[PDB]
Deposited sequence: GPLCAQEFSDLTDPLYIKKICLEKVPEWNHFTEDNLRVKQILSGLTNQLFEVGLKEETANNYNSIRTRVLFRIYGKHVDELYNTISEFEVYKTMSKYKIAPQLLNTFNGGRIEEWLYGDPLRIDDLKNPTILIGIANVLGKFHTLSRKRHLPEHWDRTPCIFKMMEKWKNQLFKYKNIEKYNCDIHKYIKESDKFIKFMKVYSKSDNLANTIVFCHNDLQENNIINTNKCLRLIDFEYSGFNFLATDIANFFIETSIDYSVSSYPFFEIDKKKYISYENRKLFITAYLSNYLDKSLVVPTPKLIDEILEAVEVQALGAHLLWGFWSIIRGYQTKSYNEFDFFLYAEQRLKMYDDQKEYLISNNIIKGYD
């Protein structure tokens, strides 16, 4: 399946506009899952201007079922595909799918410091979040907030690993997550707009946002119903994490890079213009986002341990950083009297 002759054979069989070509007409380039650009070679492309000349060929990661329900992932994707939110579905094959090729660049860490970019991301997220009240999403879909489901599932998965202390205070964090979850079942019941349940992406970060000749969202693996502030929290956290480091550990974290308050207000203002602003409301949303960040750290800390056991990026050292970020955020929130009856 990493065999380019086979990737070609599948594309010729599954992409109707390409069924007459042979593998001599096709180019394969490799670009947690496996992605290949598949495309018509230059001279072939030049004779076929009326059709797609590229596809994203996607081979499903071998252990993603430990993270999410595979059947649901696809159902959710087809819907985001039909609504033109996600990359268009071209076809499936045994072990993956073929998608529309997006022409554009993922955003980089430094784009998130640009207020104009921040806005367009806010504009896009705001309009995205109205989907559940403006279109009728399948009624059989689970409305339970994904924060709750992802946390329980990922915490429970950690039990499968026995030598887990060797990667240290994991049982403390596990306990800490039970505290977050208990606190959030109370917290989330107040009237705060930041508690509205909407259909969330659940993994916003610059590399899941593509800049085309407009900003598009991608990678809806984790997408599902969640507290709206959850979606904003991940994005805000991600302003301080750079994944482009090209040597061990392949990441950098800089607290000082965390999106300024000035830029956070700007973002929510732009967000609400598309989602729906009282200054009190902006600050109540910003508070909920800071409360949700607490749970984001535990969640992605657990996710990253699970990934480290799957693979063999230093997932374990990244897990360690996110769990440290939980400690810093907890101490920020408690010592500023923002959360109470947590411990």
TODO: Compare what was deposited with what's modelled and send me the C-alpha-less stretches, numbered from 1.
DONE: 1-10, 42-45, 182, 229, 293-298, 335-338
